[PDB]
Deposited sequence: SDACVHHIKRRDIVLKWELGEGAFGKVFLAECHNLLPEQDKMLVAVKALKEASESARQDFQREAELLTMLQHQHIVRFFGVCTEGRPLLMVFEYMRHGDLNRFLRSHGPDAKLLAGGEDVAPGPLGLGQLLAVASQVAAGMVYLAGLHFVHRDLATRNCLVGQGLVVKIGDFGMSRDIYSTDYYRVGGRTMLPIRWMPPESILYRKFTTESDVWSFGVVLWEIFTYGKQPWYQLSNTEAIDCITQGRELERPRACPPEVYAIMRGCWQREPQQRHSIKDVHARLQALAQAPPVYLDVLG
């Protein structure tokens, strides 16, 4: 049921590689006649590799065209015209959110970003945008299962959008727990009911967002980095919480804990978390200076 848009291979011109995963690589490419205002624009093309993949390929592209929001990474279509199989994405020049945060933690000044550490309003801006994307998926009633900064992209103008890599399992292999197995769980981002009861719901995503929110104010630092995977599981199932980041106001840390209520339905909705963050984000400097 291909209701997903298609792109002729001839309109796609690979320039160079951006990154690589076990199951695929990403290229920067020129895409002609894709958008009307740009006769030529830049896209990020993912090439695959398997009959399991060619069948899997269709499923994700259906999903990707399906969820299109202002804070979900734009998905233009696919090139099924012969092989290799391609997926055409909007190009986000600042890379994933984790790299971006780490590059602007203390300790340069560029086109989109002020010199040195990201400001409180900027840190809040980044968090607000991710929330909105999670608000969208929650309305669509989808669960991300792997919400982390490594799966969020930053675009020119400091635009943050949600994606689901990758890539993530490869470049950030230290962020996953290998179960034998043979799968991998980002245990440091998962709530107690997911580690114990193996349940992943919408209210499991707010827990993930708090950890993402934690990540943002720690400038990309891994949660429970001082702990091993087994030791991390212990702390999480025993109700121990991540300490307040230095760059995090007591007002904002209260939001994290609201996402970290042990019982799934005692947590706040993602609509409610986004609203508090956006207000803080849009808040006048005067209000934030004394925060």
Deposited-sequence ranges lacking C-alpha coordinates, in sequence order: 1, 51-52, 111-114, 299
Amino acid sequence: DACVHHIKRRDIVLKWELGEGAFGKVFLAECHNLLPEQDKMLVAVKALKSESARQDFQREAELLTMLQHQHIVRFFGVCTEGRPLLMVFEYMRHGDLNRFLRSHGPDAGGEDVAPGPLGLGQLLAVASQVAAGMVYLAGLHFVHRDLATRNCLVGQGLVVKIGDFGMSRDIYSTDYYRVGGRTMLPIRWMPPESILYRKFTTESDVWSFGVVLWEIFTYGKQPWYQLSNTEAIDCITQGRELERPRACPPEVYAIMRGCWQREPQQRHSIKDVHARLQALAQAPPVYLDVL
From here on, numbers count along this sequence of modelled residues.
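If you superpose the two forms and keep the largest set of C-alpha atoms that fall within 1.5 Å, you have the rigid core.
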Which of 213-221 and 80-88 lies farther from this form in 9 other deposited structures of this protein, as RMS of C-alpha positions after a rigid core fit: 80-88
Rigid core superposition result in 9 other deposited structures of this protein, more deviant of 157-165, 98-106 by Cα: 157-165
Gap at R182 across at least one third of the other PDB entries: yes
Other entries modelling both neighbours but not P249, at least a third: no
Which of 167-175 and 187-195 has higher mean CA B factor, as the PDB entry lists it: 167-175
Given 134-142 and 208-216, the range whose Cα B-factors average higher in the PDB entry: 134-142
Per the PDB entry, maximal CA B factor within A108, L153, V126, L86: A108
Criterion, highest CA B-factor; candidates, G157, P115, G119, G95: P115
Assigned third (lowest, middle, highest) for the C-alpha B factor of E203: middle
Position of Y225 among the chain's modelled residues by C-alpha B-factor, lowest, middle or highest third: middle
Ranked against its chain, the third holding the CA B-factor of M66: highest
Assigned third (lowest, middle, highest) for the C-alpha B factor of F57: highest
For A22, the third of its chain into which the C-alpha B factor falls: highest
